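Residue numbers (the deposited numbering), protein chains in the order written: chain A, 4 to 13; chain H, 1 to 136, 139 to 220; chain L, 1 to 217. Note that CB positions come from ideal geometry on N, CA and C, so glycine has one too. Structure first, commentary second.
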Amino acid sequence: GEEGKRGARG
Amino acid sequence: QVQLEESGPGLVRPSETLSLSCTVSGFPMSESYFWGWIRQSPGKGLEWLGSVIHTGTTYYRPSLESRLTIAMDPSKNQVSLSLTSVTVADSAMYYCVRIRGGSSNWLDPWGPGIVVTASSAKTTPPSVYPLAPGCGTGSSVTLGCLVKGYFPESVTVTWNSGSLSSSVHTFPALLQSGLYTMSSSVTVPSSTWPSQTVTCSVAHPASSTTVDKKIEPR
Amino acid sequence: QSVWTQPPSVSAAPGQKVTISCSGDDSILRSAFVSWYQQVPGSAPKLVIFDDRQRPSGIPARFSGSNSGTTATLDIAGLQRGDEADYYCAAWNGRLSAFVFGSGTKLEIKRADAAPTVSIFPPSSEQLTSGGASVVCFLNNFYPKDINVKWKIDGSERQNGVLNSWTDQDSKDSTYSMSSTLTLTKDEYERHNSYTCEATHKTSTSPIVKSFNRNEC
């Protein structure tokens, strides 16, 4: 799922 | 493995829309990767423009988000850039990239890049002049071509010395009077020229012009 | 910040090791995976490190990376002449919600000092016919990059009308090359006999002098 956005580390 | 190539105009007028296309080969655009655009202005750094994924989620450089649209067409295997109200400051090399998103945000691979100039100046083909030694040699001989009075960037200079191998230096262009000048030197064994012909070919895609100059002795 | 801070330049000899830093505000880089790109002049950037320390397939292990959280670091060991390039770090900036690149670091590969091979060229008849006259000097395959070129017309120094252009560092022999072009009008060019290009380089206390005399024709 996470690969569908762009952002910072969790 | 992923293949990318950019297409579009090398010259756009201020206030018009810059439209670029990138064809993606050898990789599914329906996989979990973003597809995006980076640019680099002459002598300066890399600037992320934005990206898109097949679900439609899109990211943009905040300062350009009002002008910039990045989209993809999985049927055509294309990712597009559309930048409206262009100014001189949008002159740059534009690169297509595949991006692994989430928290990774790595870019691999990159397309070869396309040079875009935003300007009102007219496209002008180069004048090409041979550089041969003056009247009155060691083990090598250096020849050249001087490429003058063209706009916009870029030109590509190559040297036909047949099957003879050669050492080439291509000098970066300098802008003057709204026109670029550059040169290229070629060095060959002194025993080879002038019996082996040596000819520069200068391609200027923006003006659809190619000029060859055979270097003859003075 | 909207650009990560990198040193402008690093320089070392083949076989040696350099480290290139990439810094953000406070510990912002702790929240991101850093990647690194190699850009050989005239080519697209190429991914060398991703997720702080991973190597793409085919990138050699002498490229390595770390992310301390305040600064990220690219190590390049066992330097080869083909490593001359600009290196950029990159990372998502969550505070700006944008992907940010570093300001870039040029790697110079050191070599033995080398004097330039100097070549001088009269204007072509073709250029003259149109009113201008460019005399061209090539100063090729020298090291280090610093070099002074002086033009003389009939032995007298000429200041105006000179344009110089340098290549990037050579990927095979680590040298630099330069063109120096003196542009006059046709009428001006034709008023004189000798044209001289003088190169002053650290490899000699005496300049390398190349000339042509129009009366040799």
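Within chain A, partners of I53 (chain H) - CB distance below 9 Å: Residue numbering aside, residue 53 (chain H) sits at position 53 when the second sequence is read from its first letter. Think of a sphere of 9 Å around the beta carbon of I53 (chain H): the chain A residues whose beta carbon falls inside it are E6, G7, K8 and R9, in chain order.
Are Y195 (chain L) and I120 (chain L) closer than 8 Å when you measure CB to CB? Mapped onto the third sequence, residue 195 (chain L) falls at position 195. Mapped onto the third sequence, residue 120 (chain L) falls at position 120. Closer than 8 Å, so yes.
Can you list, in chain order, the residues of its chain whose CB lies under 6 Å from that of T183 (chain H), leaving out five sequence neighbours each side? One-based indexing of the second sequence puts residue 183 (chain H) at position 181. Closer than 6 Å at Cβ, skipping near neighbours: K150 and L176.
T57 (chain H) at chain A interface by Cβ criterion, 8 Å: Against the second sequence, residue 57 (chain H) aligns to sequence position 57. Yes, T57 (chain H) lies at the interface with chain A (some Cβ there is under 8 Å from its Cβ).
Proximal residues to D26 (chain L) (C-beta, below 8 Å), its chain only, five neighbours per side dropped: Here residue 26 (chain L) is taken as the residue at index 26 of the third sequence, counted from 1. Cβ neighbours of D26 (chain L) beyond the five flanking positions: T70.
Proximal residues of chain A, C-beta to C-beta of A32 (chain L) below 8 Å: Here residue 32 (chain L) is taken as the residue at index 32 of the third sequence, counted from 1. Correct list: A11 and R12.
Decide if the segment 203-213 of chain L is in contact with the segment 111-131 of chain L; the criterion is three or more beta carbon pairs, one per stretch, under 8 Å apart. Yes, they touch.
Just grab the DSSP bridge partners of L96 (chain L) for me. Within the third sequence, the letter at position 96 stands for residue 96 (chain L). DSSP, once it has assigned bridges, lists no residue as partnering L96 (chain L).
Taking the Cβ atom as the reference point for each residue, do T189 (chain H) and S169 (chain H) lie within a distance shorter than 8 Å? Locating residue 189 (chain H) in the second sequence gives position 187, where the first residue counts as 1. Locating residue 169 (chain H) in the second sequence gives position 167, where the first residue counts as 1. In this structure, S169 (chain H) lies closer than 8 Å to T189 (chain H) by Cβ.
Run through the segment 157-209 of chain H for me and flag every whole beta strand (DSSP E) of 3 or more residues, listed as ranges in chain order. DSSP assignment within the segment 157-209 of chain H yields the following whole beta strand (DSSP E) runs of 3 residues or more, N-terminal first: 158-162, 169-172, 176-178, 181-191 and 201-206.
Do you know whose CA, among L:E126, L:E188, L:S43 and L:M178, lies nearest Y143 (chain L)'s CA? Translated into the one-based positions of the third sequence, residue 143 (chain L) becomes position 143. Measuring from the Cα of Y143 (chain L), the nearest candidate turns out to be L:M178.
In chain order, what residues of the same chain lie with their CB nearer than 8 Å to the CB of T167 (chain L), ignoring the 5 residues before and after it? The residue you call residue 167 (chain L) lines up with position 167 of the third sequence. Only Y176, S177 and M178 meet the Cβ criterion.
Select from the segment 61-94 of chain L all residues with a C-beta closer than 7 Å to any C-beta belonging to chain A, and list them in chain order. Those residues of the segment 61-94 of chain L that come within reach of chain A (Cβ to Cβ, closer than 7 Å) are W92 and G94.
Using the Cα positions of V162 (chain L) and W151 (chain L), report the straight-line distance between them to the nearest angstrom. Locating residue 162 (chain L) in the third sequence gives position 162, where the first residue counts as 1. Locating residue 151 (chain L) in the third sequence gives position 151, where the first residue counts as 1. Going by C-alpha positions, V162 (chain L) is about 8 Å away from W151 (chain L).
For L163 (chain L), decide whether its Cβ has a neighbour in chain H, counting only Cβ atoms nearer than 8 Å. Translated into positions along the third sequence, residue 163 (chain L) becomes position 163. True, the Cβ-Cβ gap to chain H drops below 8 Å.
For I147 (chain L), does the three-state DSSP call read helix, strand or coil? Within the third sequence, the letter at position 147 stands for residue 147 (chain L). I147 (chain L) falls in the coil class under three-state DSSP.
Using three-state DSSP, classify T203 (chain L) as helix, strand or coil. Counting from one through the third sequence, the residue named residue 203 (chain L) turns up at place 203. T203 (chain L): coil per DSSP, three-state reduction.
Are three or more beta carbon pairs between the segment 123-134 of chain H and the segment 45-65 of chain H nearer than 8 Å? Short answer: they don't touch.
Helix or strand or just coil, what does DSSP make of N193 (chain L)? Numbered from its first residue, the third sequence carries residue 193 (chain L) at position 193. DSSP, reduced to helix, strand and coil, places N193 (chain L) outside both helices and strands of the structure shown, so it counts as coil.
Which residue wins for smallest C-alpha separation from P130 (chain H), given the options L:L96, L:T129, L:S125 and L:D83? On the second sequence, residue 130 (chain H) is found 130 positions in, with the first residue counted as 1. Taking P130 (chain H) as reference, the option from L:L96, L:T129, L:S125 and L:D83 with the minimal CA-CA separation is L:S125.
Output yes if chain H places a C-beta closer than 8 Å to the C-beta of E216 (chain L); else output no. By one-based count along the third sequence, residue 216 (chain L) stands at place 216. Closer than 8 Å: yes.
Kindly indicate if chain A contains any beta-carbon less than 8 Å away from that of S103 (chain H). Residue 103 (chain H) sits at position 103 when you count from the first residue of the second sequence. Residue contact with chain A for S103 (chain H): present (Cβ-Cβ distance below 8 Å to some residue of chain A).
Contact check, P154 (chain H) vs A208 (chain H) under 8 Å by CB: the rounded distance? Taking the first residue of the second sequence as 1, we reach residue 154 (chain H) at position 152. Taking the first residue of the second sequence as 1, we reach residue 208 (chain H) at position 206. In this structure, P154 (chain H) and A208 (chain H) form a Cβ contact; the two beta carbons are roughly 6 Å apart against a cut-off of 8 Å.
Count the other C-beta atoms from every protein chain shown that fall within 10 angstroms of the C-beta of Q39 (chain L), then say buried if there are 16 or more, exposed otherwise. On the third sequence, residue 39 (chain L) is found 39 positions in, with the first residue counted as 1. The Cβ neighbour count for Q39 (chain L), taken over all protein chains shown within 10 Å, is at least 16; the residue is labelled buried.
Which chain H residues are close to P56 (chain L), counting only those with a beta carbon under 7 Å from its beta carbon? One-based indexing of the third sequence puts residue 56 (chain L) at position 56. What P56 (chain L) touches in chain H: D108.
Would you mind reading off the limits of the beta strand (DSSP E) that contains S177 (chain L)? Numbered from 1 along the third sequence, position 177 holds the residue referred to as residue 177 (chain L). Its beta strand (DSSP E) spans residues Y176 to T185.
Using a C-beta to C-beta distance shorter than 7 Å, which residues of chain L count as neighbours of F173 (chain H)? Reading the second sequence from its first residue, position 171 is the one you call residue 173 (chain H). Here the neighbours are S165, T167 and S179.
State yes or no: is the beta carbon of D26 (chain L) nearer than 8 Å to at least one beta carbon in chain H? Residue numbering aside, residue 26 (chain L) sits at position 26 when the third sequence is read from its first letter. Output row for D26 (chain L): interface = no.
To be precise: take each residue of the segment 180-201 of chain L, compare its Cβ to all Cβ atoms of chain H, and keep it if any distance is under 9 Å. Which residues remain? Within the segment 180-201 of chain L, the qualifying residues are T181, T183 and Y195.
Suppose contacts are defined by Cβ-Cβ distances below 8 Å. Is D108 (chain H) in contact with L47 (chain L) by that definition? The count along the second sequence starts at 1 and reaches residue 108 (chain H) at position 108. The count along the third sequence starts at 1 and reaches residue 47 (chain L) at position 47. Yes, the Cβ-Cβ distance between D108 (chain H) and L47 (chain L) is below 8 Å.
Using a Cβ cut-off of 8 Å (strictly closer), state whether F34 (chain H) contacts chain A. What you label residue 34 (chain H) is simply residue 34 of the second sequence in a count that begins at 1. Cβ-Cβ to chain A under 8 Å: yes for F34 (chain H).
Measuring alpha carbon to alpha carbon, tell me which residue in H:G146, H:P196 and H:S156 is nearest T211 (chain H). If you number the second sequence from 1, residue 211 (chain H) lands on position 209. For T211 (chain H), the closest alpha carbon among the candidates H:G146, H:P196 and H:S156 is that of H:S156.
Pick out whichever of L:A133, L:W4 and L:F138 has its Cα sitting closest to the Cα of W48 (chain H). Here residue 48 (chain H) refers to the residue found at position 48 when the second sequence is read from its first residue. Taking only the C-alpha atoms, the option nearest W48 (chain H) is L:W4.
Report the three-state DSSP secondary structure of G50 (chain H) (helix, strand or coil). The residue you call residue 50 (chain H) lines up with position 50 of the second sequence. Strand, per DSSP.
When we look at the beta-carbon of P112 (chain H) and count the other beta-carbons within 10 Å, is it buried (16 or more) or exposed? Taking the second sequence and counting its residues from 1, one reaches residue 112 (chain H) at position 112. Burial call: exposed.
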